[PDB]
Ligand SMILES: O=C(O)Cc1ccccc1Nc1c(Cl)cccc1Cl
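Form solved without this ligand, single chain, as structure tokens, below.
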């Protein structure tokens, strides 16, 4: 007998469990539903269903009515709605976490072993008719072909939301502290054990590495002086493992928290800024705590920089992304009255989803110069050649690509998307339409409805055979965007739950940690509260360039 759970016979987050030889049952516990498949709603659930407006209608509300939102943001409604957005979206994410690559069920190993990525939906059972369940063709489409025909950039489609390369490199930097898939252990495993905003891309994902990067005086990180500017130290002074092209001299190899950050100037840019911010914070702490040792200075600066990161990510980063007329607000005290777990486990789906390579351009315009991919990648002098000011100015001015829509990944890095789709088959990620339901959306009935056009849809229909078969990452990047937006509804409705849970689930946001003393007092606490991208750069530079998550005007 075939595995019944492969029909995904249970709705609204019921758990399919195999009983006997050919039977299944569903645990509808606290899903709001009753019956064999969990399809009969309870009186409260039912009432909330008819009164629930569609995610599209709410997206419209958040992106329209300039007059209403000016009023809202200047009142308490701002706090009310922020609380609402925080609790409602985060709660889609389980906590404690549930499944992983090895276990499609709750276990003590899945709870304790942090080297695993987690998952929101279990893998597609191995003992089933099609690789995506029961629907679709015997074999899935070629990963290279799907990229070439649907994801490969022809002409450059800029972001209509005005997103720049200062954002793209921030996104890439930031996300790589909690996305470190391991090569040795394989797919579904991770090296970044903080599982969130620990800043291990600055300090290191292990103690040994951290100790090697630290000056062990004044709580500071090691640094070097090139042309009068403070840069991260050479590998000769901080002998940590760094991935540089073999043959490159060690004196030109810079050492930072994250191994891959030397391969791109944009990465090594932010690495410098944050390092330069860390030591600056030590200078402020030491002035008010002359008696504090090196360890106290270091550990307190880290917490201040963890706070600063989340403040900028929520109020500036997600702001630019969402395009919302709601002024987003970082205030942990909002959740102090609700049931919220201050813990987080990074999920493979969020890893898959955060592959935002369409942000990368055709070239890299720095002042009058234009730089090719072969001049930008691996170049180790560019950062020290131009300086922070000049590179931040150049990245804040150049537009970034539109993520959704399709055909917008520059040929140089298309291979990544190919491997993403490949990896999304070793992990046996459920089909896109199943995730639609998990994150509270209606499944698509056609490829037409998915893309909003006719041409590119009809070809996908022939390849996949069924919309119920469409894969996760292709689904996200081919779906029609919201009008004049950066990506589709699915990226928002699925991304944000993961995103917000990570930010607010950080221990520093808890009632226990969100105190003045935690950050060395009012001075440190205000540094978190008033943090800003512009301030992160311009307080650490000689001059102040144009710095923003969006192109001028």
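Positions refer to the first chain, counted from 1.
This protein has a second form, the form deposited with this ligand bound, left out of what is shown; the following refers to that one.
- Contact annotation: this ligand lies within 4.5 Å of heavy atoms from the stretch 346 to 354 in the deposited complex, the single such stretch among 462 to 470, 346 to 354, 139 to 147, 301 to 309.
- Interface membership of residue 499, defined by any non-hydrogen atom within 4.5 Å of this ligand in the deposited complex, is confirmed.
- Contact check for residue 120: every heavy atom lies farther than 4.5 Å from this ligand in the deposited complex.
- Mapping the unseen interface onto this chain, residue 317 counts among the residues with a heavy atom inside 4.5 Å of this ligand in the deposited complex.
- Proximity of residue 130 to this ligand in the deposited complex: non-hydrogen atoms within 4.5 Å are absent; the residue sits far from the partner.
- Between this ligand and the residues 275, 477, 321, 388, the one pair within 4.5 Å by heavy atoms in the deposited complex involves 321.
- Proximity to this ligand in the deposited complex, defined as a heavy atom within 4.5 Å, singles out one entry of 457, 394, 242, 313, which is 313.
- Shown here without this ligand, the chain has only 503 in 503 to 532 lying with a heavy atom within 4.5 Å of that partner in the deposited complex.
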